[PDB]
Every structure is written in structure tokens, then in C-alpha cells.
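*Asks:* My questions all concern the structure below.
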Amino acid sequence: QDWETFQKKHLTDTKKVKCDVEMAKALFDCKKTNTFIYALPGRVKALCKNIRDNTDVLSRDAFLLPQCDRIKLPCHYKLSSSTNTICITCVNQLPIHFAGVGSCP
């Protein structure tokens, strides 16, 4: 919805985020599943430069993204990450939508 939040919730600053807080914080409220992307801002807004308005794009290889998974306890999650291409929508040059994991559906 906005490169800003899309940079706050869909992105983090480490491959091993603290899912415990990355979800129990305030913008989530301790949900059950969560996903984010491990990348630096310049490389993120850079992969959108030269692009057109709102269109469906996709990484050219793979990307390591951290992921929270709640399967036990009430407010606890497991750490799981992997490298794979991901489809996302970007505008004139700002990424704000997360299509899904791996290549487009």
C-alpha cells in the first residue's frame, strides 16, 4: 500500500528477525503467520527504478526472506527463511505490493 509501510512490515533488518516482536509488536498484535524480505532500502527501491507504473515484476533469481510460523503455544512462532524469487507489484519506481512467494502463481 506504500513503499514506507511495505518497507516496515514486508521488510526487516535481519535474516533472523525477532518474530516474537515482529508479530507481538503493535502493528500485528501477535498473529500466527508472518513474512518479510531481507534487503537494504537502496537495493529495494533500486530494483524498481526504470520500471513503469503499477505492473507485476519478479526477482531475477532468489531472495532470502525471514518467516514466522506459529504451530505451538499461544503467542510463539518459529524462525524459517529461504532464498527464492518473489512476485511483487511496483509503480513508476516504488515497490508497495507483495504478490506471493516463489515465481508468480
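By order in the C-alpha cells, chains are A, B, ...; within a chain, residues start at 1; ligands start at 1, following the order shown.
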To test your reading of the structure, identify every residue in chain A that backbone DSSP assigns to alpha helix (DSSP H), and report it as a VMD selection string.

*Replies:* chain A and resid 3 to 8 19 to 24 41 to 46

*Asks:* Stretch 31-89 of chain A near stretch 8-19 of chain A within 7 Å: what's each residue's closest atom pair and its distance in Å to one decimal, counting only C-alpha atoms, ordered by chain then ascending residue number, as CSV?

*Replies:*
residue,atom,partner,partner_atom,distance
A:35,CA,A:10,CA,6.6
A:36,CA,A:10,CA,4.4
A:37,CA,A:11,CA,4.6
A:38,CA,A:15,CA,5.8
A:65,CA,A:15,CA,6.6
A:66,CA,A:15,CA,5.5
A:68,CA,A:19,CA,5.6
A:77,CA,A:19,CA,6.4
A:79,CA,A:16,CA,6.9

*Asks:* May I have the selected residues written with N, CA and C atoms, as an mmCIF file, in the first residue's frame?

*Replies:*
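What ended up in out-v2.cif:
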data_model
loop_
_atom_site.group_PDB
_atom_site.id
_atom_site.type_symbol
_atom_site.label_atom_id
_atom_site.label_comp_id
_atom_site.auth_asym_id
_atom_site.auth_seq_id
_atom_site.Cartn_x
_atom_site.Cartn_y
_atom_site.Cartn_z
ATOM 1 N N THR A 35 5.569 -12.844 7.187
ATOM 2 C CA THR A 35 6.676 -12.979 6.199
ATOM 3 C C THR A 35 7.306 -11.607 5.960
ATOM 4 N N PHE A 36 8.564 -11.575 5.616
ATOM 5 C CA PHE A 36 9.235 -10.265 5.354
ATOM 6 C C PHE A 36 10.358 -10.496 4.343
ATOM 7 N N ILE A 37 11.051 -9.459 3.943
ATOM 8 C CA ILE A 37 12.154 -9.629 2.955
ATOM 9 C C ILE A 37 13.448 -9.049 3.525
ATOM 10 N N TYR A 38 14.533 -9.772 3.403
ATOM 11 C CA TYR A 38 15.831 -9.262 3.936
ATOM 12 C C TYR A 38 16.579 -8.533 2.816
ATOM 13 N N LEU A 65 14.237 -14.456 2.583
ATOM 14 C CA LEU A 65 13.218 -13.736 3.402
ATOM 15 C C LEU A 65 12.939 -14.512 4.697
ATOM 16 N N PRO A 66 12.898 -13.829 5.813
ATOM 17 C CA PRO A 66 12.582 -14.461 7.124
ATOM 18 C C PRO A 66 11.083 -14.756 7.214
ATOM 19 N N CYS A 68 7.784 -16.081 9.984
ATOM 20 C CA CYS A 68 7.352 -16.560 11.335
ATOM 21 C C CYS A 68 6.257 -17.618 11.170
ATOM 22 N N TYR A 77 6.305 -18.174 17.771
ATOM 23 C CA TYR A 77 6.469 -18.512 16.325
ATOM 24 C C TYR A 77 7.824 -19.177 16.091
ATOM 25 N N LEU A 79 11.285 -19.728 13.527
ATOM 26 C CA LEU A 79 12.040 -18.944 12.508
ATOM 27 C C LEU A 79 12.314 -19.820 11.282
#

*Asks:* For residue A:44, which residue among A:73, A:94, A:101, A:24 is the nearest when counting only C-alpha atoms?

*Replies:*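 Checking each of A:73, A:94, A:101, A:24 against residue A:44, counting only C-alpha atoms, the winner is A:94.
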
*Asks:* Looking only at the backbone, which of the residues in chain A does DSSP tag as strand (DSSP E), as a PyMOL selection string?

*Replies:* chain A and resi 11-12+33-35+37-38+55-58+63-69+78-84+87-90+95-100

*Asks:* Convert the current residue selection to file output with C-alpha atoms, as a PDB file, in the first residue's frame.

*Replies:*
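Result saved to selection36.pdb:
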ATOM      1  CA  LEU A  11      10.772  -5.843   5.092  1.00  0.00           C
ATOM      2  CA  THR A  12      13.068  -6.175   8.130  1.00  0.00           C
ATOM      3  CA  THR A  33       1.970 -16.297  10.428  1.00  0.00           C
ATOM      4  CA  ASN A  34       4.242 -13.533   9.088  1.00  0.00           C
ATOM      5  CA  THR A  35       6.676 -12.979   6.199  1.00  0.00           C
ATOM      6  CA  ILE A  37      12.154  -9.629   2.955  1.00  0.00           C
ATOM      7  CA  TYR A  38      15.831  -9.262   3.936  1.00  0.00           C
ATOM      8  CA  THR A  55       2.900  -3.646 -13.027  1.00  0.00           C
ATOM      9  CA  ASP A  56       3.727  -7.193 -11.862  1.00  0.00           C
ATOM     10  CA  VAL A  57       7.506  -7.727 -11.532  1.00  0.00           C
ATOM     11  CA  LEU A  58       9.556 -10.652 -10.161  1.00  0.00           C
ATOM     12  CA  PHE A  63      15.805 -13.576  -2.197  1.00  0.00           C
ATOM     13  CA  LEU A  64      16.376 -14.628   1.433  1.00  0.00           C
ATOM     14  CA  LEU A  65      13.218 -13.736   3.402  1.00  0.00           C
ATOM     15  CA  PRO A  66      12.582 -14.461   7.124  1.00  0.00           C
ATOM     16  CA  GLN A  67       9.219 -16.055   8.033  1.00  0.00           C
ATOM     17  CA  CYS A  68       7.352 -16.560  11.335  1.00  0.00           C
ATOM     18  CA  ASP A  69       5.245 -19.726  11.841  1.00  0.00           C
ATOM     19  CA  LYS A  78       9.269 -20.488  14.641  1.00  0.00           C
ATOM     20  CA  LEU A  79      12.040 -18.944  12.508  1.00  0.00           C
ATOM     21  CA  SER A  80      12.120 -20.181   8.888  1.00  0.00           C
ATOM     22  CA  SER A  81      13.744 -18.464   5.877  1.00  0.00           C
ATOM     23  CA  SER A  82      14.730 -19.481   2.330  1.00  0.00           C
ATOM     24  CA  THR A  83      16.001 -17.981  -0.927  1.00  0.00           C
ATOM     25  CA  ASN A  84      13.540 -17.895  -3.848  1.00  0.00           C
ATOM     26  CA  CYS A  87       6.469 -11.683  -7.467  1.00  0.00           C
ATOM     27  CA  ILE A  88       5.654  -8.122  -6.390  1.00  0.00           C
ATOM     28  CA  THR A  89       3.910  -5.082  -7.940  1.00  0.00           C
ATOM     29  CA  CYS A  90       5.795  -1.768  -8.276  1.00  0.00           C
ATOM     30  CA  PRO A  95       7.604  -1.300  -4.580  1.00  0.00           C
ATOM     31  CA  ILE A  96       4.437  -1.492  -2.437  1.00  0.00           C
ATOM     32  CA  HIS A  97       2.661  -4.836  -3.161  1.00  0.00           C
ATOM     33  CA  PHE A  98       3.754  -8.393  -2.250  1.00  0.00           C
ATOM     34  CA  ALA A  99       2.371 -10.889  -4.797  1.00  0.00           C
ATOM     35  CA  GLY A 100       3.475 -14.179  -3.183  1.00  0.00           C
TER      36      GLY A 100
END

*Asks:* Pick the closest to residue A:60 from A:75, A:91, A:47, A:39: which is it, counting only C-alpha atoms?

*Replies:* A:47
